[PDB]
Structures are given as C-alpha cells and as structure tokens.
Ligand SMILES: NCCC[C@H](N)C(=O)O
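Only one chain is included here, represented as structure tokens and corresponding to the form solved without L-ornithine.
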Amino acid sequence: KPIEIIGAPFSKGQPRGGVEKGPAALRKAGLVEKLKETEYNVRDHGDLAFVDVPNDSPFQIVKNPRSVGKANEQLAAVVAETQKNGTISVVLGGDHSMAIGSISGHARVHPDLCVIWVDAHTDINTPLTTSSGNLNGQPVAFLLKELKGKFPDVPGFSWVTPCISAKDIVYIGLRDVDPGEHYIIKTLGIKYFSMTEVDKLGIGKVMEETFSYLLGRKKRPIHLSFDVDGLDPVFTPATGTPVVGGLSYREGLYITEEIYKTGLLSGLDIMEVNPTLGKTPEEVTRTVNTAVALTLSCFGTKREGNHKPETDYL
C-alpha cells in the first residue's frame, strides 16, 4: 500500500508560537526514510503553503477564523485527492485545528469512516462554548452532524460539511474536559475512555472495545487523529497543553500497534508537536522521537520484532 506524508505547518489554531515547526522537526528526525524501510511505498508530498488572510478579525471570540478556515480548505483538497488515489494519508501537524480538513477530505472519499481520537482533551468546544477563541478545542464541533446549526457559521468554514456523527468517533485519554465539553459528550452519547477507563479496563481491553464498537458490524476505514498531548508529558513534553497522568509510551504504542493489525488504517494525524516548547533539547528530542515511534508503529513496526518475508536469515 502507498503512504502519503502531507506537511501541515500551521499554528493559527492556537496562541503559542511553535507547532508549525513540527513537520520540519519530525522529518529531520528521519520520519520519511524510516517509513520507507517498512513494507509500504512512501511519497513525501511536501509541506503545504498556507496563505495568510489579512485583517482576519475575530468572530466574536473565535480567533483567526478565516486563516484557519482557508488553511483547512486547502488541506481537505489535498487529502481528498490522495485518498482518491487510494493511498494512506499521514498529516504532520501544526496544531490539532487542522484535524478539521484532514478528516473532511477523507470522508469525501471514504464517507463511512470511523475515528479514533487520541488526545487528553475532547477538543469539541463550539464557538459558543470556548473559553478562549482557540480553534484548538473545536475541531470535533465542526465535524459533527449533531452539532450542525447548534452555533453560528464561522468566517471561512462555510465549506465544511459535518461528515461524521457521534456514533462513529471514540476518544482515548481524556483528562482535561471543560464543562461545556463534558456536557456535549454526555448529551450526544459519545463513546470515550478517559484515563480512568484505561486504568480500570487496561489498554488491551480498551482497544478491544473501541474496535467491536466501531467495527462490530461494518468493517470500515479508520482515521487515527492523534494528539501528542495524549501521552504523559514525561514522554511527549513539548506540547501546548500538557496534562499530568496520561498515556504511557507503551500504552500508546500498544494502540498504534493494534490499529496496525486491523489493516484498516487509512488517514493518520500527528498533531501538536512543538519543538520550541522543549525545556531542554532532550524534551524536544524525546517528544519527536516517540511521535515518529507511534507513526512507524501504525505502519507495522512491532515490538516483538520484524523480519522481511521469503528471506532465510539462516
């Protein structure tokens, strides 16, 4: 199968300068070369160039609406295109906000896709619920059909079309949920596994459920939109919103491994890596290194080891 790395150097989704530098940091780390060594064909589509909308006045609270709307629009166009060509897309972020268009394009080619959202936050705040204008906790709100019209249309997102509903998504590792955001997910009965559920059940049982829940009936394309703020800071320290008591480098690798083993991996988002927020070159190397680790995992690097077929090492 083919792999399409797509650059997403964006940051307007939030107030902390840095996330744009993400893809550059991941690539430098040897992301593209390492992948090749896998059983997949890899093509690096490069980084998209986002046109900065001048005088992007705030829509009430929401910040840089037009900038974000446009950037995403462009992305959904590219994702949609490669998905069309039947290649598995891999979106290197900026900030999560770009999850909007990375799923949009995908649903376009695969309308019956399910979504496994790895984050510590729901990011389902609507333009009426955000405490900050950061589109960085609103991605899911623009994607849900259930939340359609449940808030004013925003400058620049006129193009988005709620592609998935609450019966297709599954959060994993929630540990910082705002009131409004807890309300919504309880209201729309959205399937999740906050850190407590993980604790209780175990990464293993949790992955077993998310799977029978999102695939029990129909086997469909899976979209893994991973927030690096998903794991604990001790592994992914260079992020905008580090929340203590998160997913272990193991638990998380487990995840990307099982999902590899489903063979249904279609789209993948590596978001919120921020090479500048590193308190020491070490925390930035650490952060990056595991990010690359998850990715290679999603594409078959097993911890039990790997060997090329048909080769007699004896």
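The first residue of the sequence shown is number 1, and the count goes up from there.
From this point on, the text means the form deposited with L-ornithine bound, which you will not see here.
**Report entry** Contact residue in the deposited complex, from 178, 197, 146, 209 (heavy atom within 4.5 Å of L-ornithine)
**Finding:** Looking at 178, 197, 146, 209 one by one, just 178 meets the 4.5 Å heavy-atom criterion.
Query raised in the report: Looking in the deposited complex, any heavy atom of residue 132 within 4.5 Å of L-ornithine?
Result: Yes - in the deposited complex, heavy atoms of residue 132 and L-ornithine come within 4.5 Å of each other.
Query - Contact test in the deposited complex: residue 89 vs L-ornithine, heavy atoms, 4.5 Å - result: No.
Query raised in the report: Does at least one non-hydrogen atom of residue 105 fall within 4.5 angstroms of L-ornithine in the deposited complex?
Result: Residue-level check for residue 105: no, no contact with L-ornithine.
Requested in this report: Consider residue 83 of the chain shown here, and say whether it contacts L-ornithine in the deposited complex, taking contact as heavy atoms within 4.5 Å.
Outcome: It does not: once L-ornithine is placed as it appears in the deposited complex, residue 83 has no heavy atom within 4.5 Å of it.
Report task. Kindly indicate whether 221, 256 and 266 are, all three, within 4.5 angstroms of L-ornithine in the deposited complex, using heavy atoms. Result -> Zero of three within 4.5 Å in the deposited complex.
Query raised in the report: Of the listed stretches (122-130, 210-218, 69-77, 146-154), which one has a non-hydrogen atom within 4.5 Å of L-ornithine in the deposited complex?
Result: That would be stretch 122-130.
Query raised in the report: What are the residues of 254-290, in order along the chain, with a heavy atom within 4.5 Å of L-ornithine in the deposited complex?
Result: None of them.
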